[PDB]
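So the sequence shown is residues 50 to 363, counted in PDB author numbering.
By construction, the Cβ of each residue, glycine as well, lies at the ideal position given by its N, Cα and C atoms.
Structure record follows, encoded as structure tokens.
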Amino acid sequence: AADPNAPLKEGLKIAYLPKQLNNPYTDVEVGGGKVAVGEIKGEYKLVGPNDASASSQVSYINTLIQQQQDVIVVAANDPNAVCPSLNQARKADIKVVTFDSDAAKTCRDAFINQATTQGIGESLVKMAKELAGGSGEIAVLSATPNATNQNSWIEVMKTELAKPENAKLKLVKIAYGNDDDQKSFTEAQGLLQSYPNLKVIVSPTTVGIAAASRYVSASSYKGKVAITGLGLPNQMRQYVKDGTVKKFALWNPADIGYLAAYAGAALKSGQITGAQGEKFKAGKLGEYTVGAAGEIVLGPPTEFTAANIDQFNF
């Protein structure tokens, strides 16, 4: 019973509960929510544990319920631990939008996903293919062997590589840097020594791509091997500006928070319910169509280059 013509309500109380307060990435993320909330003339609130807090997310959700927020935007640390309190909120007609990390499907109205695993894996292979000039060896520098996210992205990369059009690209090795600066550095060195014909190292970890770039930048492989992957714009800027890295991907965290506010407002205003195929407007981000199980995908990964790297600060 979505009414696309229902007006977005003013004065909505929209609260954000990230995984951890007070880090640059998270600040940019919820800061985007603050902008969107101001646009729709709502009231913005930020709560959450800090670095040396041992408080559960449940304690914060319960607080937001008692404060009678209209929308709770939350990055769930555990998909199920938050369910009882989130569903208590929804029983009180509070709309619940997860972001970054999702809760069990039955404990929120919508999930803002910054990029799908398909999107990420496609982008990694697409960038690798361009940098390799259409053919040649590539290697992955990953996080830990059991890393859930990287393992998903790598599986998508493999499915992509198995397509007829990517037949000339060969994945020769996956190395693990364990999201550790020094190990990632040494593993990058190891890849280049072991595979003299290597064209691209793809590192789908912010730690890993920075460490590989730092190695390549100060080695004899500068200009001779490409480095791409998933990186943080501020950490990667010096390597983009010095020519070591031409292209890499991630997403704009501010848009995640911004999109979450509009989705939450659309839910609370009756424009959408979270059913697949429903459409709504999200300000500067344009029109969105809700996907399966209430997932709303921000878009394909954002590509960073010298042409646009100063446009972002995180």
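Own chain residues within Cβ distance below 8 Å of residue i, not counting five before or after
| i | result |
| --- | --- |
| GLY340 | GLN325, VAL346 |
| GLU352 | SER172, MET176, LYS296, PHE297, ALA298 |
| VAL256 | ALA192, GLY226, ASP228, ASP229, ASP230, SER233 |
| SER104 | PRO98 |
| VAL146 | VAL120, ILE121, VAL122, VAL123, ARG157, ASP158, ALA159, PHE160, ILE161, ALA309, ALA312, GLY313, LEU316 |
| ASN126 | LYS68, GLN106, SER150 |
| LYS290 | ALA355, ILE358 |
Nearest candidate by alpha-carbon position, reference residue i, set the options
| i | options | result |
| --- | --- | --- |
| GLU78 | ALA312, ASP304, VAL221 | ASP304 |
| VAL189 | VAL205, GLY183, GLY182 | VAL205 |
| residue 370 | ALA312, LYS222, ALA355 | As displayed, the chain neither begins before 50 nor continues past 363, which places residue 370 out of reach and without an answer. |
| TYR311 | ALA125, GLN116, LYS144 | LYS144 |
| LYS58 | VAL86, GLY82, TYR74 | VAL86 |
| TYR109 | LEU66, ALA141, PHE148, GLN137 | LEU66 |
| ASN72 | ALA101, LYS90, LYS62 | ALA101 |
| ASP52 | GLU344, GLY332, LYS328 | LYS328 |
| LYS273 | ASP151, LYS290, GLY343, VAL294 | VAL294 |
| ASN54 | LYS290, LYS330, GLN199, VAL289 | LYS330 |
| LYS62 | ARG139, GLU92, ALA342, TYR74 | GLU92 |
Three-state class that DSSP yields for residue i in the structure shown
| i | result |
| --- | --- |
| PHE329 | strand |
| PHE363 | coil |
| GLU59 | coil |
| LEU66 | strand |
| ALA342 | helix |
| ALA51 | coil |
| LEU180 | helix |
| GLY348 | coil |
| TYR337 | strand |
| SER105 | coil |
Close beta carbons around residue i, own chain, < 7 Å, minus the five adjacent residues each side
| i | result |
| --- | --- |
| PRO350 | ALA164, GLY168, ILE169, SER172, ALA298, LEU299, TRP300 |
| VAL174 | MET206, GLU209, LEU210, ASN215 |
| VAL84 | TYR307 |
| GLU186 | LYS219, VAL221, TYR244, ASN246, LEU247, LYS248 |
| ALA260 | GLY226, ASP230, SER233, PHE234, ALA237 |
| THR166 | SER201, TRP202, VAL205 |
| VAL107 | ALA130, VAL131, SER134 |
| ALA141 | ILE114 |
| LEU240 | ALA188, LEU190, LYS222, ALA224, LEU247, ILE250 |
| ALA342 | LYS154 |
Sequence-distant residues of the same chain with beta carbon closer than 6 Å to residue i, five excluded per side
| i | result |
| --- | --- |
| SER184 | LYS217 |
| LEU70 | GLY97, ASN99 |
| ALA275 | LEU180, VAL249 |
| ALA64 | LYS94, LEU113, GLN118, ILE121 |
| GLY278 | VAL251, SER252, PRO253, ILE258, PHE297 |
| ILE89 | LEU57, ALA314 |
Bridge partners - residue i, DSSP secondary structure assignment
| i | result |
| --- | --- |
| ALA125 | Answer is none; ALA125 lacks a bridge partner. |
| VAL189 | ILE223, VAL251 |
| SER262 | Paired residues: none, contrary to the question. |
| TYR93 | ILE63 |
| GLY278 | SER252 |
| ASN162 | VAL346 |
| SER150 | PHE148 |
Buried or exposed (CB count within 10 angstroms, at least 16 for buried), residue i
| i | result |
| --- | --- |
| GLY292 | exposed |
| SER262 | buried |
| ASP359 | exposed |
| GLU336 | exposed |
| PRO282 | buried |
| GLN116 | exposed |
| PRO133 | exposed |
| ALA138 | buried |
| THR338 | exposed |
Near the ligand ATP: residue i beta-carbon under 6 Å from a heavy atom
| i | result |
| --- | --- |
| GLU236 | Only the bare structure without any ligand can be found here, which leaves the ligand ATP out of the picture. |
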